[PDB]
Structures are given as structure tokens and as C-alpha cells.
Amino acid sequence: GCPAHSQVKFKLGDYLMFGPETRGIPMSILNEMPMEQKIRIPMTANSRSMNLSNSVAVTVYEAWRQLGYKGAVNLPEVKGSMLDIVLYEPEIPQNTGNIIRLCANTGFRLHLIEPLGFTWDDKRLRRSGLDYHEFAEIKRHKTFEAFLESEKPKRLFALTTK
């Protein structure tokens, strides 16, 4: 069975991938990944889907906890980023906006894998309250294979859901 997000030991160079809130990640990808790198957030038996942005926030903050909150305010200055967060084919623009804020607040780097379910629009992102610096560096990869080619992740994790 799937380990919890807190039952893996996150390390520098890890990439954490999330699929759309209702669809998740295709089985063709998941079936070729080791059991230990397919994580599932704990839920009670009769649960229903959690919001994707909440799922990513929970996962990011658990990883950051394991990494001692390096780079946080009132901690010694650290150079560089934490982990890399990957949204596979993100669908709902509000989730992506929330996740952009999350990643900017935590020093995690965000990647999107096309196709997106919305048009990427600086003005729309700004209207939602994001500053340009929060989203200016976000990479959009053409495909999952192109992402793997560009990034060559040391380890790749995938969030699964029931």
C-alpha cells in the first residue's frame, strides 16, 4: 500500500508530482514507479476528494518540516531552493494560483507540464493577488518526457488518490 506523505524521507533533488484534482496521474506513469515513491495522504474510510491546493500544501509543508524549514524567516540564510513541485496537466486555475503562492512562500520551485486546462495569463495571475516575482520563473514543460529530459530528477514522487 501507499506510504503516507510523512512516511517517506525527502531529500535534496526530489521532485514531487501532482495530477489534476479529479483525474490524478495516468496509470501508465504510476505503474512504472516504485511503490515507495507513490504517496497517499491519510484519510478516514468514507472520505471524499481533498482540494488539490490543500493536498500540495500538506505535502510541501511536510517535506519542508523534514528539511528543517531551511530558508524560513528567523533562521540562518540558505542559498538556493528546496524541492521541486510538478503539476501534471493542471486544470483549475485557482489551484495553480494557490500553489504558486505556496511555492513562493516556502522557496520550492514550481513546474507545470502542458497541456494546461487554462490559458497562462500574467494579468489573470496578478488579478488573483500574485506578484510577478512569484510566477515569473515557473517552467512549463511540453510533455512529461520533456520534463524528465530538462530536469533529470534524482527521485520522482507522485501523489495518488483513491
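Residue numbers run from 1 along the displayed sequence.
- The mean Cα B-factor in the deposited entry runs higher for 28 to 36 than for the other of 28 to 36 and 60 to 68.
- The PDB entry reports B-factors from which the mean C-alpha value can be compared for 49 to 57 and 117 to 125; the larger average falls on 117 to 125.
- Highest CA B-factor among the listed residues (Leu83, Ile92, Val86, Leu75): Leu75.
- Sort the chain's modelled residues by C-alpha temperature factor and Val8 lands in the highest third, per the entry.
- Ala146: CA B factor in the highest third of modelled residues in this chain (values from the PDB entry).
- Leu159 sits in the lowest third of its chain by CA B factor, as recorded in the PDB entry.
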